[PDB]
Amino acid sequence: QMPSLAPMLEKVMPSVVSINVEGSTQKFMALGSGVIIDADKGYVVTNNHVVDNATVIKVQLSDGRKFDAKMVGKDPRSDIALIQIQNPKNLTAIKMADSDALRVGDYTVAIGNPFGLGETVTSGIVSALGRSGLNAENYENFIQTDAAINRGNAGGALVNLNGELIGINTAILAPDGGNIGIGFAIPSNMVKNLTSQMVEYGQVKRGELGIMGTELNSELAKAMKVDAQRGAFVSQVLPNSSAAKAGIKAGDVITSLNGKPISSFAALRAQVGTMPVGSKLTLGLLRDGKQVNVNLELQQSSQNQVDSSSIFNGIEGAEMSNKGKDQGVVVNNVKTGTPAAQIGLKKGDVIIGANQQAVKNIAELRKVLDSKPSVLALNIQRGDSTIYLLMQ
Amino acid sequence: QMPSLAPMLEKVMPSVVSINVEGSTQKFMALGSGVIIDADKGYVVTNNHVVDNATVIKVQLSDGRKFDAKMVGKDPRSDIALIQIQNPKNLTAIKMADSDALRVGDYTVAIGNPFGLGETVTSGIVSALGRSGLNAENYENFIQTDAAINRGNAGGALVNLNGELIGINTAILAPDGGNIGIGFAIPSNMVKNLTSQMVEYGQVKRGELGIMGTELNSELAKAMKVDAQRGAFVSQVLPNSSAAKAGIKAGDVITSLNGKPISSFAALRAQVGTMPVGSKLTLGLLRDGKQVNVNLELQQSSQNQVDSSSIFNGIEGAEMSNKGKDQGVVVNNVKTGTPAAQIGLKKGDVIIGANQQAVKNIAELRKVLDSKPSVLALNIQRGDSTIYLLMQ
Amino acid sequence: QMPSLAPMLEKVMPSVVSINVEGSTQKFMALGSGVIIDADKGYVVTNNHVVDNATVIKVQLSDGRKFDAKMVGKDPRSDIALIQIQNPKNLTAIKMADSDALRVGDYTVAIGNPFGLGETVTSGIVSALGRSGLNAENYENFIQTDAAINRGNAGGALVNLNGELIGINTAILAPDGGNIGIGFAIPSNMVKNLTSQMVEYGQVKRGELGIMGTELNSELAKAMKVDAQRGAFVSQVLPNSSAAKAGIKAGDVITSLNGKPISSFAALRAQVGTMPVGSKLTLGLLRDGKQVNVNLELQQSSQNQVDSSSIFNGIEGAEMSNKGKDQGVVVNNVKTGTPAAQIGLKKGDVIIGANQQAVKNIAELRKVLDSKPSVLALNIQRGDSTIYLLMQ
């Protein structure tokens, strides 16, 4: 006869896990939380900042059980990392909710491991949607909540009253590292995209419209005679870009993506910034007081991702990324005094195998590395030649 | 099928605004929140401490729109200021609730601009009623809540589940300027009185009963053989005061105002301290174990208000206040080295016009000043003479 | 038509009280809260750490009334103290809920006196059950909640939506002494046991099973081939102990006490650590993959409790404790330079009266002391001799 979150949480708490990490860059230990995304494969999502530069990763269920997990993907720009429990048995995954249907009155409960106390649940409401600006280089479209979140909560669950995941708790505004009522989670639609890519590739293949923009504030709107105090202002479109081809002109205002009204430029960036190349989308446009509708196809890019370090753990040097279809890992750009080039690593190289195993993409590669061989025999192609690079 | 504050907030959030302020006393910037009280006239209430000593005031709606606002009234004793949006179009005002019907179990939601993040809502309950003592010179009858309130929330809304305004968020107990679960709002009945006066006059005409008192604590009650552990103890009544005339004797205990039981002396002070002169009220009295009922009429006073500075912005000197009916602004008491008297400002002067505009009260005056003339030509009366005082 | 905690709180708030304390060890003042446990006798429960080393204790009702209270019992190991309002009139006691039926989704409201503001209520949920480790020498089986708790809340009520007491607020995790969403209360079943003893004896007669143990973590479970990631691991059983007699063997795992599954070793310790000697209980055992059921009888012990100081307020020296039935207070072990032995206090002494009043146990004793005589005439037995020890 008493209302309670207990019935819901009982089904849901098994989904959320604690995460302990040992690493170096100087030895450190860290801890945070994670969410089980696929029970069968033992996929567990979490903040990239928690598991970044980790030598060892251990995951602990609510029931006590510990497992070891290995990395499978990580995206610093959005701060989402995907890991995988080695030898997953009898797990519970969380069902994801559609974060786009969230409203500010909405109740939320947060679950995670503050200060490593153990699985802690706290609750609140949605204080705000679309918050960004925390770190302006990243994609950020944060849900804001006043459910209590502290250090150790990172990577944990933000769920609604039905126990569906709506976000991953990531950061808090807080002088003096204590919670004051303001915390942020990555909306779950973003997690759904980013992770699904990582699963299949080991990284995110970032698509772009190829427009330069900025927040459409009220002042700018007068300058431009537009009826609209919010949106993405198109400063200019790149030549031979999706936008270009689609007919978007500079001095346009983007008001909606795929039906969904657009909070701001950042939100827009964040949305598309997480869709995979080749995605077909449609833009709500506003040029000279007239509404416009345009169909676009997300295209390639020059995304700065996956350094040689994120895959070798400590081997500074050239950045790397997949290549075409499952064609192997390509080395982007080697530095100079960077240890990687100090093993013969030269930009333009195409890692096509390792230790007699085929490498189609970064996931496969990281897989050979998971076995932790003593000597790593890279099978690369420079120009029209096969060569081998060795490590220890 | 899920409970949510969203439906209510959707109607209500437009009412609450952000406030940016530029000032000097040395240049500063400040920010807080405000509530739209009248949609047509663009009246917006807020904490006096937010907009105090401001050269510029800009208000930003939830939809993005910015407007400029000018001051119309301010009361430091209660920390309520009233401002007005210049050129108000298509606004939403909040409906006010009767704060006297609040109870401690009651749910509350707070809306405002913590750290200038944007319109943030957080929720809690009524922790307590009638809290005072924060600053003992002020009138204070604070609602206390554990909805999260931080810097930037000041001047914002405290509403109930029906979206009616019950208070204005004002202060927080908090070492280290972060919220810990204890925040305070001015009850809305007080806001309703204080503001309505300001609208019509530019200041509050403070009435007094003319009794000296103190909190009736349990110890004092024994000393005095009274059955009552709380109330206002009458230490003495002033001669030719309302109290006097009404038959109130020293050593009386006031237990109720207008039917409403009385928390304490402070609460009493705070209540009447916000009713306009001439108000007719009735007091619940307790003399020698016997209940008494008395009818009173709030009378004049010597209220220390509106310095020449609050209207000239930076012109230290004599204090000022309305006079009789709409008879003009009277200069209370000039200092010495104060810049005001350094323009020929002498106590007893009665500003009856400015720049060929008639001045009936402080609002009218502040109105001529809103136009920001280069030279201000005051039309004053000293004794039986009209004179003119000039400024720049 | 609006949901509210108000109706419930209206019945319940009278039960909770504020507590002011004057003491020395150097003069100090302290404050916290307390809960009325028995309206007739004026019993009020609170944290031992609040009223510890107090010369004076005053209790203040929600209605204003102040009373003086005297100590009747105190248990530092669990941090529960029991006091009694001198001359209790017209009080309201709280009904206690069964803390064992609490679940993590559950709503909670906290009531108490943060920073001596007065009776403050805040609310939250059960974040966690069975938390311990705060101070590892104590018995601790804390409920964890995110209802706001700050300094002054200690000794106050944690209740459910029906206004039944489920815990006593005790501590908070918090850098910088401000609440961040994590606070702890002693579950109410523990309070019910500990206090009831104190009432009847002045101390707690601690029973033991006589087993050494430790937390059964997942690693240890592999080492031992047990299917169970949580519980109490039996490292060894003491000879001639209850456990011994009952058939418990080292390398056993305890999974349940009296039907109730067992969080951990600490929880177990904490449970039995609060049952009175002679209690009959039953243990859920797990030896070599096989479930076992055993019946036990709590037995004596060597519990380190009640120093001569806790009863004399400032008279360092030998520890003391009841003896057999109501046989008087026995002096455990005298130190050396300790002031107690400096009045002729010798271990093995059996205080059988004081000032011509009979002393059956520590409560009676503390009673003669409550009258605050100028000279205290102890009637002791050393060996086969009656003697008298004098004080001032």
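Numbers in chain C track Swiss-Prot; the residues on display, in order, are 37-61, 108-474.
According to its header, the structure was obtained by X-ray crystallography, 3.0 Å.
Cβ atoms are placed via backbone N, Cα and C, with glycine included.
Long-range neighbours of C:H131 (active site, charge relay system) (same chain, six or more residues apart, CB within less than 8 Å of its CB): C:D161, C:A236. Sequence annotations record features per position, and here Swiss-Prot assigns active site, charge relay system to C:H131 (among others) based on experimental evidence.
The annotation active site, charge relay system is assigned in Swiss-Prot to C:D161 (among others).
Among the features that Swiss-Prot reports, domain 'PDZ 1' is placed at C:280-371.
According to Swiss-Prot, the feature domain 'PDZ 2' maps to C:377-466, an assignment based on sequence analysis. Secondary structure of the domain 'PDZ 2' (C:377-466) per DSSP, as helix, strand and coil residue counts: 17 helix, 27 strand, 46 coil.
Each residue of the domain 'PDZ 1' (C:280-371) gets a DSSP state, and the totals for helix, strand and coil are 23 helix, 29 strand, 40 coil. DSSP assigns C:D161 (active site, charge relay system) to coil in the three-state reduction, placing it in neither a helix nor a strand. Around C:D161 (active site, charge relay system), taking its Cβ as the centre, 25 other Cβ atoms fall within 10 Å, counting all chains.
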